[PDB]
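K.L.:
Just the structure for this:
(4 chains)
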Amino acid sequence: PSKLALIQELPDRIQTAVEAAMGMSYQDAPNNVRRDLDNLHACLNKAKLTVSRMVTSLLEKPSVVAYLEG
Amino acid sequence: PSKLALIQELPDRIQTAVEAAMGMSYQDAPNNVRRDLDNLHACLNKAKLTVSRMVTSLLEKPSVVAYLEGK
RNA sequence: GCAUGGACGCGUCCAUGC
RNA sequence: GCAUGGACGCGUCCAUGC
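P.N.:
Residues are numbered from 1 along each chain as shown, chains lettered A, B, ... in the order given. Below is the structure in question.
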(Lines give C-alpha, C1' and ligand atoms only; values in the text may rest on other atoms or scores of the structure.)
Protein backbone atom coordinates (compact mmCIF):
# COMPACT_ATOMS: atom_id res chain seq x y z
CA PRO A 1 0.00 0.00 0.00
CA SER A 2 1.10 3.57 -0.77
CA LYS A 3 2.06 5.91 2.03
CA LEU A 4 -0.95 8.15 1.40
CA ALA A 5 -3.10 5.08 2.01
CA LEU A 6 -1.15 4.07 5.10
CA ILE A 7 -2.22 7.37 6.71
CA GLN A 8 -5.77 7.51 5.30
CA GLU A 9 -6.43 4.03 6.71
CA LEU A 10 -5.30 4.96 10.22
CA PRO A 11 -8.64 6.26 11.54
CA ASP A 12 -10.40 3.11 10.29
CA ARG A 13 -7.82 0.60 11.49
CA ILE A 14 -8.10 2.23 14.91
CA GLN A 15 -11.88 2.03 14.58
CA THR A 16 -11.29 -1.71 14.20
CA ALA A 17 -8.81 -2.20 17.01
CA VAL A 18 -11.38 -0.71 19.37
CA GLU A 19 -14.86 -1.64 18.13
CA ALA A 20 -14.95 -4.96 20.01
CA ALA A 21 -14.20 -3.53 23.47
CA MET A 22 -16.62 -0.63 23.27
CA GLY A 23 -19.18 -2.80 21.56
CA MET A 24 -19.60 -5.09 24.58
CA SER A 25 -22.38 -4.61 27.11
CA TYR A 26 -22.12 -4.33 30.89
CA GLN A 27 -25.77 -3.98 31.89
CA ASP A 28 -25.44 -6.23 34.95
CA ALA A 29 -22.23 -4.57 36.16
CA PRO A 30 -22.28 -2.81 39.59
CA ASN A 31 -22.42 1.00 39.74
CA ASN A 32 -18.73 1.39 40.52
CA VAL A 33 -17.52 -0.95 37.79
CA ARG A 34 -20.07 0.52 35.41
CA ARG A 35 -18.46 3.91 35.96
CA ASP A 36 -14.97 2.50 35.35
CA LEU A 37 -16.01 0.75 32.13
CA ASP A 38 -17.68 3.99 31.02
CA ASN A 39 -14.39 5.78 31.65
CA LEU A 40 -12.71 3.20 29.37
CA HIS A 41 -15.29 3.97 26.63
CA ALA A 42 -14.43 7.68 27.02
CA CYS A 43 -10.72 6.94 26.86
CA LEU A 44 -11.04 4.86 23.67
CA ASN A 45 -13.42 7.35 22.14
CA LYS A 46 -10.93 10.18 22.75
CA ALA A 47 -8.00 8.24 21.32
CA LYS A 48 -10.15 7.45 18.30
CA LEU A 49 -11.15 11.10 17.81
CA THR A 50 -7.58 12.34 18.33
CA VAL A 51 -5.99 10.13 15.73
CA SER A 52 -8.91 11.00 13.44
CA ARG A 53 -8.25 14.71 13.99
CA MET A 54 -4.51 14.27 13.57
CA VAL A 55 -4.87 12.58 10.19
CA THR A 56 -7.33 15.22 9.00
CA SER A 57 -4.65 17.79 9.94
CA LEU A 58 -2.05 15.86 8.02
CA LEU A 59 -4.12 15.50 4.87
CA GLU A 60 -4.88 19.25 4.80
CA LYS A 61 -1.23 20.20 4.63
CA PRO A 62 -0.52 20.47 0.90
CA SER A 63 3.10 19.78 1.82
CA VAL A 64 2.53 16.51 3.66
CA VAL A 65 0.12 15.36 0.94
CA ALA A 66 2.60 16.12 -1.85
CA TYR A 67 5.32 14.09 -0.12
CA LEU A 68 3.06 11.14 0.68
CA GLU A 69 2.51 10.79 -3.09
CA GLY A 70 5.37 12.54 -4.95
CA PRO B 1 -13.39 -14.37 23.68
CA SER B 2 -14.67 -13.39 27.15
CA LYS B 3 -15.06 -9.84 28.36
CA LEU B 4 -11.74 -10.02 30.17
CA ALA B 5 -9.95 -11.17 27.02
CA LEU B 6 -11.83 -8.48 25.13
CA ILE B 7 -10.12 -5.81 27.24
CA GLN B 8 -6.74 -7.51 27.58
CA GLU B 9 -6.31 -7.57 23.82
CA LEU B 10 -6.70 -3.79 23.46
CA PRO B 11 -3.08 -2.63 23.58
CA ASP B 12 -2.21 -5.38 21.08
CA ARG B 13 -5.14 -4.74 18.75
CA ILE B 14 -4.01 -1.11 18.82
CA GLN B 15 -0.35 -1.84 18.03
CA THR B 16 -1.63 -3.79 15.00
CA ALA B 17 -3.72 -0.98 13.53
CA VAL B 18 -0.79 1.37 13.99
CA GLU B 19 2.43 -0.48 13.16
CA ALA B 20 2.12 -0.14 9.39
CA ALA B 21 2.02 3.67 9.46
CA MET B 22 4.67 3.80 12.15
CA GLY B 23 7.11 1.54 10.36
CA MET B 24 6.86 3.91 7.42
CA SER B 25 10.01 5.89 6.73
CA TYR B 26 9.92 9.55 5.77
CA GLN B 27 13.57 10.41 6.29
CA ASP B 28 13.85 11.49 2.68
CA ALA B 29 11.04 14.02 3.01
CA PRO B 30 11.43 17.81 3.54
CA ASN B 31 12.12 19.15 7.03
CA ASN B 32 8.62 20.51 7.64
CA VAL B 33 6.99 17.29 6.47
CA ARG B 34 9.46 15.34 8.62
CA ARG B 35 8.33 17.39 11.58
CA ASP B 36 4.64 16.76 11.06
CA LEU B 37 5.22 13.03 10.68
CA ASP B 38 7.27 13.07 13.90
CA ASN B 39 4.34 14.75 15.51
CA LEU B 40 2.21 11.96 14.03
CA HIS B 41 4.49 9.41 15.73
CA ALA B 42 4.41 11.36 18.96
CA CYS B 43 0.65 11.44 18.76
CA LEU B 44 0.19 7.72 18.08
CA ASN B 45 2.68 6.70 20.77
CA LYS B 46 0.61 8.67 23.25
CA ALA B 47 -2.62 6.99 22.17
CA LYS B 48 -1.06 3.55 22.59
CA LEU B 49 0.38 4.56 25.96
CA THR B 50 -2.91 6.06 27.19
CA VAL B 51 -4.90 2.98 26.30
CA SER B 52 -2.28 0.65 27.81
CA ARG B 53 -2.19 2.67 31.00
CA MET B 54 -5.99 2.60 31.04
CA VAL B 55 -6.17 -1.14 30.55
CA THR B 56 -3.50 -1.82 33.18
CA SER B 57 -5.21 0.53 35.65
CA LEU B 58 -8.46 -1.31 34.96
CA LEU B 59 -7.07 -4.81 35.27
CA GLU B 60 -5.53 -3.89 38.65
CA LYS B 61 -8.93 -3.00 40.14
CA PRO B 62 -10.27 -6.08 41.97
CA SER B 63 -13.83 -4.76 41.52
CA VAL B 64 -13.61 -4.62 37.71
CA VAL B 65 -11.64 -7.85 37.23
CA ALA B 66 -14.16 -9.73 39.38
CA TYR B 67 -16.90 -8.51 37.07
CA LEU B 68 -15.10 -9.27 33.79
CA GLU B 69 -14.24 -12.78 34.99
CA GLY B 70 -17.76 -13.67 36.10
CA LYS B 71 -17.48 -14.00 39.89
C1' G C 1 -4.49 11.94 53.78
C1' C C 2 -0.69 9.45 50.32
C1' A C 3 -0.21 7.27 45.48
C1' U C 4 -2.10 5.43 40.56
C1' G C 5 -5.19 5.62 36.04
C1' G C 6 -8.74 8.09 33.02
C1' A C 7 -12.07 12.27 31.59
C1' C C 8 -12.78 17.28 31.63
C1' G C 9 -11.76 22.74 32.36
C1' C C 10 -7.95 26.99 32.55
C1' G C 11 -3.19 28.63 31.31
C1' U C 12 2.19 28.50 29.60
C1' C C 13 5.42 26.97 25.97
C1' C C 14 7.13 24.09 21.13
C1' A C 15 6.03 22.53 16.13
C1' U C 16 2.98 22.50 11.52
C1' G C 17 -0.63 24.17 8.13
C1' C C 18 -4.06 27.88 6.22
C1' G D 1 -6.23 35.23 13.64
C1' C D 2 -7.95 30.05 12.87
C1' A D 3 -6.86 24.56 13.23
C1' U D 4 -3.97 20.00 14.85
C1' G D 5 -0.55 17.59 17.71
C1' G D 6 3.02 17.34 21.86
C1' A D 7 5.32 18.99 26.70
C1' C D 8 4.30 21.44 31.34
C1' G D 9 1.59 23.76 35.33
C1' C D 10 -3.09 24.58 38.03
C1' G D 11 -7.94 22.94 39.10
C1' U D 12 -12.53 19.80 38.95
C1' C D 13 -14.99 14.67 38.54
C1' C D 14 -14.76 9.41 38.57
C1' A D 15 -12.34 4.71 40.08
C1' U D 16 -8.76 1.76 42.63
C1' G D 17 -4.93 0.59 46.40
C1' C D 18 -2.84 1.69 51.17
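K.L.:
quick one, what contacts the most centrally placed residue in chain A?
P.N.:
The residue lying closest to the centre of chain A (C-alpha atoms, centre = their mean) is residue A:48, at 2.3 Å. Residues near residue A:48 by C-beta atoms under 8 Å, 6 or more residues apart in numbering or on different chains: A:11, A:14-15, A:18. (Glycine included, C-beta is placed from N, CA and C.)
K.L.:
how about TSV for the residues you listed, with neighbour count added?
P.N.:
Shown next, in TSV, are these (neighbours: other C-beta atoms under 10 Å in any protein chain shown):
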residue	neighbour count
A:11	18
A:14	25
A:15	14
A:18	20
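K.L.:
Take these and keep only those in strands.
P.N.:
The members of the contacts of residue A:48 all map outside strands under DSSP state E.
K.L.:
Those also near chain B: which ones?
P.N.:
Contacts with chain B within the contacts of residue A:48, as defined by C-beta under 8 Å from any C-beta of the partner chain: A:14, A:18.
K.L.:
and RNA strand C, which of the contacts of residue A:48 contact it?
P.N.:
Subset of those in contact with RNA strand C: empty, counting by C-beta under 7 Å from any atom of the strand.
K.L.:
Looking at the contacts of residue A:48, spot the one nearest residue A:25.
P.N.:
Using C-beta to C-beta, residue A:18 comes nearest to residue A:25 of those, at 15.5 Å.
K.L.:
I figured that closest one hits residue A:43, correct?
P.N.:
No. If you go by C-beta atoms under 8 Å, residue A:18 and residue A:43 don't touch, sitting 10.0 Å apart.
K.L.:
Now name the helix or strand holding the residue nearest to residue A:37 when sequence neighbours are not counted.
P.N.:
Among residues not flanking residue A:37 along the chain, residue A:26 sits closest, at 5.0 Å (C-beta to C-beta, 6 or more residues apart in numbering or on different chains). Assigned by DSSP states H and E, residue A:26 belongs to no helix or strand.
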